[PDB]
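Heads up, the thing below is written out as structure tokens.
There are 4 protein chains.
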Amino acid sequence: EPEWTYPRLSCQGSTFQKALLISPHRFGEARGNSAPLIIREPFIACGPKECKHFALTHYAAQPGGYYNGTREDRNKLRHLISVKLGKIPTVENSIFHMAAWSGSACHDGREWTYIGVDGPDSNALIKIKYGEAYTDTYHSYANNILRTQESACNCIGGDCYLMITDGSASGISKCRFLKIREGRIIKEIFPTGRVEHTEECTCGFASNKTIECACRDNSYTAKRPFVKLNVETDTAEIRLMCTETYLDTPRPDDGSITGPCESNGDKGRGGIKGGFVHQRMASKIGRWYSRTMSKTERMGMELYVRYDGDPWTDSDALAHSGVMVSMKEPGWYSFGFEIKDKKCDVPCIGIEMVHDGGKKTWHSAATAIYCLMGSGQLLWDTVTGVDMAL
Amino acid sequence: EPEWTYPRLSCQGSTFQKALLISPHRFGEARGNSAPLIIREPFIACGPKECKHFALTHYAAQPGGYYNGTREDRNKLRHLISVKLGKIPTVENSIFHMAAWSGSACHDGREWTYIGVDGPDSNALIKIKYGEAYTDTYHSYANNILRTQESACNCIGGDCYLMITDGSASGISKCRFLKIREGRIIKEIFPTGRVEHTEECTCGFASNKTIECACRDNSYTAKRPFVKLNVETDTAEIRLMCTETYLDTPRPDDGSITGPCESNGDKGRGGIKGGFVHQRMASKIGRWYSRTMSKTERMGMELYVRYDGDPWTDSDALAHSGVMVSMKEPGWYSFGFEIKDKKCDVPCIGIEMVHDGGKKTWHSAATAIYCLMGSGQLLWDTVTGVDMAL
Amino acid sequence: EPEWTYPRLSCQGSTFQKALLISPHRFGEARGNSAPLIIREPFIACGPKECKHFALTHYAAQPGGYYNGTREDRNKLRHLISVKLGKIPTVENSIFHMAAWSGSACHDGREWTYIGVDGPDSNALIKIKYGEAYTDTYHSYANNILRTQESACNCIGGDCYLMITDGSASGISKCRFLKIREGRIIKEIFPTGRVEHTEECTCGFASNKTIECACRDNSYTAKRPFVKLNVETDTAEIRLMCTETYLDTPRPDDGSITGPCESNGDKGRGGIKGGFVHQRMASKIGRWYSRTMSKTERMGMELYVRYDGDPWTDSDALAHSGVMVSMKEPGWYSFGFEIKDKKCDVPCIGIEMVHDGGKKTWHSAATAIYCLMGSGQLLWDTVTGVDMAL
Amino acid sequence: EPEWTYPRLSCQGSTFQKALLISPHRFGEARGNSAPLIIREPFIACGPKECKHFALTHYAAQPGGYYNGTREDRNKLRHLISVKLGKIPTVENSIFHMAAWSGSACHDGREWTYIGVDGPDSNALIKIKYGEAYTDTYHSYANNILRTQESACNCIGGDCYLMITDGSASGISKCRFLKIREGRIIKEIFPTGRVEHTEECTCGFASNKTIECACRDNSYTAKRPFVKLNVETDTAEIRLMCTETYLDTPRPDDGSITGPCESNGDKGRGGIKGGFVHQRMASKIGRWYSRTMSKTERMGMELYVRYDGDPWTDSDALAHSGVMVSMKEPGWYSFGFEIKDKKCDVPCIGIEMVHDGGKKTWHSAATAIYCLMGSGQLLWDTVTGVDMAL
Ligand SMILES: CC(=O)N[C@H]1[C@H]([C@H](O)[C@H](O)CO)OC(C(=O)O)=C[C@@H]1NC(=N)N
Ligand SMILES: CC(=O)N[C@H]1[C@H]([C@H](O)[C@H](O)CO)OC(C(=O)O)=C[C@@H]1NC(=N)N
Ligand SMILES: CC(=O)N[C@H]1[C@H]([C@H](O)[C@H](O)CO)OC(C(=O)O)=C[C@@H]1NC(=N)N
Ligand SMILES: CC(=O)N[C@H]1[C@H]([C@H](O)[C@H](O)CO)OC(C(=O)O)=C[C@@H]1NC(=N)N
Ligand SMILES: *[C@@H]1O[C@H](CO)[C@@H](O)[C@H](O)[C@H]1NC(C)=O
Ligand SMILES: *[C@@H]1O[C@H](CO)[C@@H](O)[C@H](O)[C@H]1NC(C)=O
Ligand SMILES: *[C@@H]1O[C@H](CO)[C@@H](O)[C@H](O)[C@H]1NC(C)=O
Ligand SMILES: *[C@@H]1O[C@H](CO)[C@@H](O)[C@H](O)[C@H]1NC(C)=O
Ligand SMILES: [Ca+2]
Ligand SMILES: [Ca+2]
Ligand SMILES: [Ca+2]
Ligand SMILES: [Ca+2]
Ligand SMILES: [Ca+2]
Ligand SMILES: [Ca+2]
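Chains as they are written, first to last, in PDB author numbering: chain A, 76 to 465; chain B, 76 to 465; chain A', 76 to 465; chain B', 76 to 465. A prime marks a further copy of an entry chain.
Here it is as structure tokens:
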């Protein structure tokens, strides 16, 4: 039958470049004839032959009559959808997978696993589907909005790992990792370390033995919670990223948080999901990240890379590697993913560029993709091109 | 060739949970750019690899100009259509299988069999199609609207069984079962027992030897005719469900039908097609059923279960297992179906949620899907989200 | 590689029944959101796994701004298109195959052959495509609108046969048959007999040795030219159908043409393409035909069958076998085709139901399908359901 | 695996004929319900099984609200897109391959390679994608709009060759050829000879050892730079076509450029990309070319051929072989491509037919296709049928 997928060394390259923009709302004018779905929280996951562009829709299209409520996060209509990457996610092109206001998905070499969360805020539910079949669920353990990544989960040898968390957006949210095999939870991993708040982890394989995640702390710091998960022992430990280049929004000025690596610092309340992807080379490991250009608003998006070291102990600034979205453009969630070439994996970061005109109108997003490509430096930025008044 | 499908034991689990909502008319606004088909009597049937969401279209879209007639049942334009479960049944996404104002379909492991009925009321006709080929028909035997299930037929080792019935909607309608192999009827099975009115059976496998059906009596009782068809002998017997939880609409209060199990009781005229699906375990069988929350109108929908016992003699209440559709929301036909996971079958119930705004405007439906998924209790209900004035 | 296709015995059955209606313009209202293509001359051809519904479009959709000219037969924009049978032929669902104002197509077991005719009226061109590749052409031999069937060609052992004709619509048009193998003309067959005018032949296999065609004579008779083509010798002879049930429109009353089988009779000028398909049984051959209900206008469509005999010498009336389209509905071109079941072929007749409001508005058609199905008699008729004012 | 593609001898034939017209804006009326994409620089490339129709979209549809900018060449929204040849390149039918304002693509027998260029004018970048994976890039070497073919690249035994160029549009632009294998550049080939300005090469195989290109000189001459690239040594040489039939637009009258073959002549500034395709026979090679009917404007398009000889020294007129687009109709870029029949290759030329209504309104194009087909002479021209005011 198909072989189980494993992380492979990354394809040769030393800079990211602009790849593709899926800007569905370039076709949503009242005088046009299209039906782009109103979405937020897009992410991409690839199998050996194809990538799927996922998102949580509000089950409404532009132009339409259901714009009121599209700036709300959770409700009974939101669903996990996808199209093949490169197709415009319209009413007719998309697949509705399950009811969900928080999702994830990944391919293990043989089939797709889709994860969706819905239920009341105080008692929500992780629902897992493997192909066509709904296969398992997991219960709220802290009864305050159980939720997951909003990016791809990660499979090795048929075991797919997924961060879930539950708890207050203003207090404690201790995340946990599920090991899912063929749609069924075969292990629950309870992390050790700086565990007071970890959510919206962007995860990937550092090697066949370790998964790493750059996460969001919505209450205490602008440094990202950084997870190291040993896949063989099924143990995880979390400590804050020590780099002075704080990747969350809001954040203080770089290098202004004094004291040891663990110090929380100022402007900790609030957050944003951030891009992170690995370049696995025979000798070294590159960790690529993205953060907004604004320190306080979801505007702009810049690339950073650091080779080797320990993200937990190194205060050194990450190397600035290009402006993907200028400060004039919206820069909201970003996520890492990998495209499978014939013999190696191509690391990419995707960026959600939300069209926000507030609650009085529709609310949705475009997705920009940057990927490792050749050498030199990043050459061009992405604009969505949408005028929200049309 | 691929091999014939057989019922297997159900995937482990102990509660249903909200799975998927296909609400096409969320995109049918006059200022939108979509063409959801006007449909009624939706149902789902799955093969080894995919599920198809079938329905009986009025061959008209919303927005459109052919709303006069969409509250009629039978007319020369009605057709059986489908999309892969998860696609929006729109004009371009659907496949039109045959002219039909009554339908069923199922997969035997190798190919799909589609059943449609059309023709004048006095002389209607069952038409069978295997794949692309029209293979056989069956004539009206009581000359009064020959009709069928409006839910999946059931195949075992290549033999697919189908309830057909014929006769007065407020009188006698003695059903019969067709045994169809590769699109040709190879046997007629004439049931025994309480046979005066059985229609719209929701059937499935209780094991490899027995198919059971929960049906509608539109004339005499609010209790459901319960069919047990022995697949090895190709014989069937029907008796009324004895449970005090009357599953039909309209119905009297639970437990008010005094006297022996077969007593018809009060508020017998009228009916609704009802959900029913089996959870086969090694030494226990679960029978899951759905009924409206209103005793008289097609509003709401609640889940019920009972493990083991004989439906024909057990007067005990069914155990209530969640509100799938609130009293506020439409709850029309419901049906059972199973999804094929790798080693086991997943029981589900789907719910037709009709948008009823009277004869004065368009008429159509959403489909809500609930499936056995994990443990605990059912967490959330479904709303269609459609404002019929847009 | 795939086996070459051959005619097989027909599936068991003794009556045709209503199968499917593709009425695209049920979705073309000015207030709707669809784009049905404006077409005429539809036909269907099936391979082992799928049928394709072909037609000549005017390269215009309803609603639209290019209605003027859609009642003209030939122009530089017309093209042969198709969708999979059961899909609505819209702008996006259809495939444009080649420029063509006269077409044909058939599958030989391995690939599809598409034939299209365009060029000036005095010097047009047969163009043949095999899969993606344009492979051959044939030249006008009488320099007066070279044209072909407007129905499926017929392949046996990899040789596909096709009627083409050229000459005056009011005078002599001596048809010829091409034997095409893998897109290339390997033989030209010059018919013998009553050859003064044969066009728009509907052809099919009577056996592995003989192809037969019921054709149109636009100038001299209302009896159809009937072709018998021996596939082994590659010779064809044509004589008029002798049945008193004249299948052309216009036509005199049945049985009013006195004299021998060859007599032309009255009301010979004008014509219509007619349905014809074979039911090949081990012992006997049924020839199924269709003609309009009106003797003079393209209104209504009735089925007729005759078993055995010689169509050239038998004056006997064909057996009336059902009203497919009533006299209130449009009945224009009709064609035969066969659907491949697992072990046998299912004969069908398709009917073009044109929406004609004259030259001041759009002009297009619906396609109704009737197929051999069970026993008894034909039970229901087809209406397109379209109101040309919406 | 499948094997590598090699040029083969061409299918037998001696004239081109009108094959297919893809006119998307026949469906772009404000009162219609379609979304044809606004595109320019279309081209076609075929693999063993299918052809893809590529183009450079402005990421806007007709009707729509983003027409300001559609007469620009380079901007951050331009993307390489495709549909299977014969599908209408609409918003939902197309696949968006990468951000690109200059492109090429071709199939090597196993997979597709897509090439896009974007980035600032002074520092643009070639991006290569093999299948789904972004595999390599190539930097600007003259810092003045690095660009490529806008027609198919060409693969032999897995090596795909591509013309890239860089430099002033009214000065020096010395092209280079990239040899790409499975999406990675394995060699740069620096041409020899008349090298001062070569761009938008239309390339193809003259045999298994030589690729030839007919290119555009936008600065100095109306004669086309003619490249002969030896595939075995990976060396190229460029000299101007000596034919008195100048293939560029603008151009002086045929034969007015006096002096030796390499004389630049008059009306050299400005240009157009031009069609060119080979007809390989056992002992003769046919070179087919297209040019506008107007000597100064992009109006009309005529076919020309010459068999054998050396394009670099033969001053003889090319033989005129038909009007494909009349003086009345737009004739913009043209390109060559080959379709793969079972045993041989079919030469074709496609023509971009731009709808030009000025800067004041939308701008886009149809594509007309002519292919070698049978014998005789070319019979009919192509019109787009689009009224730009609708
Ligand atoms: C489950 C849920 O509602 N998650 C929210 C998320 C969350 O709200 C914060 O992370 C605080 O915990 O914030 C945001 C956000 O954009 O700030 C988007 C998410 N929207 C959705 N996932 N639908
Ligand atoms: C054959 C037919 O017309 N079936 C009717 C059905 C029927 O009248 C009752 O069951 C009484 O026999 O009622 C209903 C209904 O919703 O009450 C829908 C069905 N409509 C369709 N399935 N088309
Ligand atoms: C090639 C052509 O123009 N054929 C005509 C056809 C023909 O005109 C008569 O058969 C007389 O020879 O008539 C008709 C018709 O509907 O009467 C339709 C055809 N339309 C198209 N094939 N486009
Ligand atoms: C790279 C680029 O911008 N190419 C231009 C091209 C160019 O200006 C000339 O060849 C001079 O170098 O002209 C034209 C043109 O139609 O004249 C189209 C191209 N547009 C695009 N392919 N996007
Ligand atoms: C991971 O392990 C698999 C299976 O043993 C191997 O194919 C793959 O190349 C390994 N990845 C590395 C070395 O990064
Ligand atoms: C039914 O029998 C088949 C073998 O004939 C087996 O594969 C399947 O598991 C059985 N299922 C039940 C529920 O007995
Ligand atoms: C036609 O010939 C083929 C090949 O010999 C055979 O398979 C088929 O059954 C024959 N058809 C008849 C007997 O009608
Ligand atoms: C080129 O060579 C290949 C074998 O390497 C052969 O298949 C093909 O026919 C040849 N074509 C020409 C034009 O020489
Ligand atoms: Ca924070
Ligand atoms: Ca739509
Ligand atoms: Ca009842
Ligand atoms: Ca006639
Ligand atoms: Ca459309
Ligand atoms: Ca020039």
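Ideal Cβ positions, reconstructed from N, Cα and C, are used throughout, including at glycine.
So which residues of chain B' does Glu167/A contact, with C-beta pairs closer than 9 Å?
By Cβ distance, chain B' contributes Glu167.
State yes or no: is the C-beta of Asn168/B' nearer than 7 Å to some heavy atom of ligand 10?
Not so, every heavy atom of ligand 10 lies at least 7 Å from the Cβ.
Determine the direct distance from the alpha carbon of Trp79/A to that of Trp187/A, and round the result to whole angstroms.
If you take the alpha carbons of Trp187/A and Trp79/A, they lie about 12 Å apart.
Under 7 Å: does the beta carbon of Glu413/A' sit that close to some heavy atom of ligand 3?
Not under cutoff, so the answer is no.
Verify whether the separation of the beta carbon atoms of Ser85/A' and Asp383/A' is less than 8 Å.
Result no, Cβ atoms of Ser85/A' and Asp383/A' do not sit closer than 8 Å.
Between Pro300/B and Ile286/B, which are expected to be in contact by the criterion C-beta below 8 Å, what is the C-beta distance as a whole number of angstroms?
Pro300/B to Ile286/B, Cβ: 14 Å. No contact.
Got a sec? Which residues, its chain only, sit under 6 Å from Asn168/A' by beta carbon, not counting five neighbours each side?
Answer for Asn168/A': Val158, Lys162, listed in chain order.
Could you check whether the region 255-273 of chain A touches the region 229-236 of chain A, counting it as contact only if at least three pairs of C-beta atoms, one from each stretch, sit closer than 8 Å?
Segments in contact, yes.
Just the chain A' side, please: which residues come within less than 8 Å of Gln92/B' by C-beta, in chain order?
In chain order: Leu200, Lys202, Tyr209, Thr212.
Scan the region 228-257 of chain B' for residues whose Cβ lies nearer than 7 Å to a Cβ of chain A' and list them as they occur along the chain.
Hits within the stretch: zero.
Suppose contacts are defined by Cβ-Cβ distances below 8 Å. Is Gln137/A' in contact with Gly184/A' by that definition?
Their beta carbons are not under 8 Å apart, which means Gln137/A' does not touch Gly184/A' by this criterion.
Hey, how far is the Cα of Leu112/B' from the Cα of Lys284/A?
If you take the alpha carbons of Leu112/B' and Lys284/A, they lie about 47 Å apart.
When the cut-off is 8 Å and only beta carbons count, does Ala180/B lie next to chain A'?
So, not an interface residue.
Does any residue of chain B' bring its CB to less than 8 Å from the CB of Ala464/A'?
No, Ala464/A' does not count as interfacial toward chain B'.
Pick out whichever of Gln452/B', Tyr142/B', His128/B' has its Cα sitting closest to the Cα of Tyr134/B'.
Among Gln452/B', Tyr142/B', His128/B', the Cα nearest to that of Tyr134/B' is on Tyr142/B'.
Would DSSP call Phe265/A' helix, strand or coil?
Correct three-state label for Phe265/A': coil.
Kindly confirm or deny that the region 415-430 of chain B' and the region 194-209 of chain A' touch, where touching means at least three C-beta pairs closer than 8 Å.
Yes, since at least three Cβ pairs between the region 415-430 of chain B' and the region 194-209 of chain A' fall closer than 8 Å, the two stretches touch.
At the level of alpha carbons, what is the spacing between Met399/A' and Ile97/B'?
Whole-angstrom Cα-Cα distance: 37 Å.
Please confirm whether any heavy atom of ligand 7 lies closer than 7 Å to the CB of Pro123/A'.
No; taking the cut-off as 7 Å, the Cβ of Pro123/A' has no heavy atom of ligand 7 nearer than that.
Run the proximity test for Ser439/B': is its beta-carbon closer than 7 Å to any non-hydrogen atom belonging to ligand 3?
No - ligand 3 has no heavy atom lying nearer than 7 Å to the Cβ of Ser439/B'.
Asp193/B touches chain A' at which residues, Cβ-Cβ below 7 Å?
The contacting residues are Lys93, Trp455.
Between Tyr364/A' and the rest of its own chain, which residues show a CB-CB distance below 7 Å, the 5 nearest in sequence each way excluded?
Excluding positions up to five away in sequence, the list reads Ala289, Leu322, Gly349, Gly350, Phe351, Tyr379, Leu393.
Just tell me which of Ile239/A', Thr296/A', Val306/A', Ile247/A' has its CA closest to the CA of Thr277/A'.
Looking at the Cα atoms, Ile239/A' is the closest of the given residues.
Could you give the DSSP three-state label for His438/A': helix, strand or coil?
Residue state, collapsed to three classes: coil.
Please decide whether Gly268/A' counts as near chain B', where near means a Cβ-Cβ distance under 8 Å.
Taking Cβ atoms only, chain B' never reaches closer than 8 Å to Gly268/A', which makes this a no.
Using a Cβ-Cβ cut-off of 6 Å (strictly less than) and excluding sequence neighbours within five positions of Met402/B', which residues of its own chain qualify?
The residues are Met368, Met374, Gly375.
So, helix, strand or coil for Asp196/B', using DSSP?
Helix.
Taking residue 468/B' as the reference, give the member of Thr165/B', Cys317/B', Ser243/B', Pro123/B' with the closest Cα.
Here chain B' has residues from 76 to 465 only, and residue 468/B' is not among them.
Is any heavy atom in ligand 5 found nearer than 7 Å to the beta carbon of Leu221/B'?
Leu221/B': no, Cβ never under 7 Å from ligand 5.
Would you report the Cα separation of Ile426/B and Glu275/B, rounded to the nearest angstrom?
One C-alpha to the other measures close to 14 Å.
Any idea what DSSP makes of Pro117/B', helix, strand or coil?
In the structure shown, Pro117/B' sits in a strand (DSSP, three-state: E or B).
Taking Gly184/A' as the query, report the chain B' residues whose CB atoms sit under 8 Å from its CB, ordered along the chain.
Going along chain B', no residue has its Cβ under 8 Å from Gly184/A', so there is no contact; the nearest lies around 14 Å.
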